[PDB]
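To begin, one chain is listed below as structure tokens, in the form deposited in one PDB entry.
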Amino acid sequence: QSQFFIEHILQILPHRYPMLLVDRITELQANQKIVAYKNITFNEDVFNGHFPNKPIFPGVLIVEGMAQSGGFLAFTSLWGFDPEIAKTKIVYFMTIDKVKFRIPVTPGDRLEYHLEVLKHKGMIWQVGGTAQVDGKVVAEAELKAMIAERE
């Protein structure tokens, strides 16, 4: 109810490889906040192109990870932990604002997502927060996403 592992994440989020960017959830408060993280390793395909000989986890993917964290929070806050309801849902990005990248994320980093709900109404959730590595803010972002039934 407050801590979830990759198996639980796979039953809630529709995202899959190579776009499931959340490995574990450490803190979860319904309608309120979520703390999760994704391990960053060299053994990830994106590193073949970003950049050759200089592995830098793409900033936009950090945003994606925060969004997915927000989505997990949004879903469980809505229907609780229900894989059956979740398997036919998808998530759409509506907006992204105030994104600032301060420190590059590289292989070996534990990218921690901290997101708080700024406002939600039905299926539309607007979250905002930071991504941290070893306690330091590596990025900050604000985004609004919509959960939608697969049509």
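We call the rigid core whatever largest set of C-alpha positions still superposes within 1.5 Å between the two forms. Each residue number is its position in the shown sequence, starting from 1.
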TODO: Could you check the entry and say whether 58 to 66 or 111 to 119 has the higher mean CA B-factor?
DONE: 111 to 119
- [ ] Look up the CA B-factors in the entry and say which stretch, 35 to 43 or 95 to 103, has the higher mean.
- [x] 95 to 103
- [ ] Just say lowest, middle or highest third for the CA B-factor of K136 relative to the other modelled residues in its chain.
- [x] highest
- [ ] Looking at the entry's B-factor column for C-alpha atoms only, identify whether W79 ranks in the lowest, middle or highest third of its chain.
- [x] highest
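Beyond the structure shown, there is the form deposited in another entry, which is absent from this document and is the topic of what follows.
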Task: Comparing forms between this form and the one not shown after core superposition, the one residue of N39, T88, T106, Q29 displaced by 2 Å or more at CA - done: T88
Open item on the list: Aligning on the core only, does the CA of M123 end up 2 angstroms or more away between this form and the one not shown?
Closed with: yes
